[PDB]
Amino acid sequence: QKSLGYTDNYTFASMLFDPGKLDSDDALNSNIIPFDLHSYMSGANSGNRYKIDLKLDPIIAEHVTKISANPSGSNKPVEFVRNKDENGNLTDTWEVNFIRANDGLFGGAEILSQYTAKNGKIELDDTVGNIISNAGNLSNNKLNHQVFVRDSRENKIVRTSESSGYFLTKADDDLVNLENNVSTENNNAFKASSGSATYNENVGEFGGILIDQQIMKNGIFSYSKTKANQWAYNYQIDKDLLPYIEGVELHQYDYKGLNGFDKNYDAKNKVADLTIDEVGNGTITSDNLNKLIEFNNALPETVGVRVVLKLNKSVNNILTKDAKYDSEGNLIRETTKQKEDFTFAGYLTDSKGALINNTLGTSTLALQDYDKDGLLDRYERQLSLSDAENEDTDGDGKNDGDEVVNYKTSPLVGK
């Protein structure tokens, strides 16, 4: 139930989760969710240190009986083992070793090239159509999924390997439309695309949210179009976040060769101000899209696009909306939200407005308040430096949330 911190290993440059959509009658009537797993590794690795984790929506994890996939270049599948939490229950995350030689998926020496784990099967105890019809309204809450590399030595997520998103259903009618009428302009250029959403306290004056969409290249694509054939970048932000957003910007996201993507925020990389409507959708174009997207022309580098959400209030005001306080103004741990997920999506359209093949990348941002002290887990780990599973880190009777916003005293000192 508790979230994980982040660590830094640039060698795990990309890790994309590519699942099938769930709208066609063939997929809707099957008990198996198919997927491929793409990875790019910039340096050699070995041993049992690093793992591959796959966190699934609890609606689906309730029905999962087996998860498996073929390692890169193999015919024999490997089974994902379900994870057990601290006390012994089963999480909604399955885990497999990374290095192929240690019952994993990818070879420790296959670097500087895209490698795929194919024939991935999420075997369920029921057909997906039955679960979709017994899951509720999937127009706001989606069937979230997440994949990342885990450093088992420090129990942290490798920052550059995180990728999230959600499975497409018929409730996502707009997105499902574009993956059925794909454009013909460059159906060969790109392999797959996934997104990732994180919280960043250095953005603006109240913190920010970073949406980093990567698009893997099949070859060495180069973007050169006439002014009348210029593409457009289309984005959709979760409507549940608009009250808290001061503004949205488009940043450059350069794949810096062997170093991959720089995950840090840099306000100097802003290239445009994005406009959005009431439902959270928007689009942007130019007479030369090379101004707004670092396509890494003529190079086999992954294409990246960064969207920044500058908040107008502190991020802790999201789960603490319609919460209750006492006479002294302190938060009662039993009134604030504990979990809430937000969904985003980004994709490229051609001149007529059709999707470029495998350019749709969805992302989910999982905000969590495990100890329910009013401070998000990401806030405590990245800014306040307090224990994410303790209402009172220093042990002086003053809760962590009350100590930071109310008492204005350090939540780390008790004497």
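When you see a residue number, it is the position in the sequence shown, counting from 1.
- Per-stretch averaging of Cα B factors for 283 to 291 and 170 to 178 places 170 to 178 on top.
- Between 273 to 281 and 296 to 304, the higher mean Cα B-factor belongs to 273 to 281.
- Taking the deposited Cα B-factors for 183, 330, 193, 83, the highest one is held by 330.
- Going by the entry's values, 26 shows the largest Cα B-factor out of 53, 36, 380, 26.
- In the deposited entry, the Cα temperature factor of residue 205 places it in the middle third of its chain's modelled residues.
- Among the modelled residues of the chain, residue 61 sits in the middle third by CA temperature factor in this PDB entry.
- The entry lists a Cα temperature factor for residue 77 that places it in the middle third of the chain's modelled residues.
- In the PDB entry, a CA B factor belonging to the middle third of its chain's modelled residues is recorded for residue 248.
- Per the PDB record, residue ranking by Cα B-factor puts residue 129 in the highest third of the chain.
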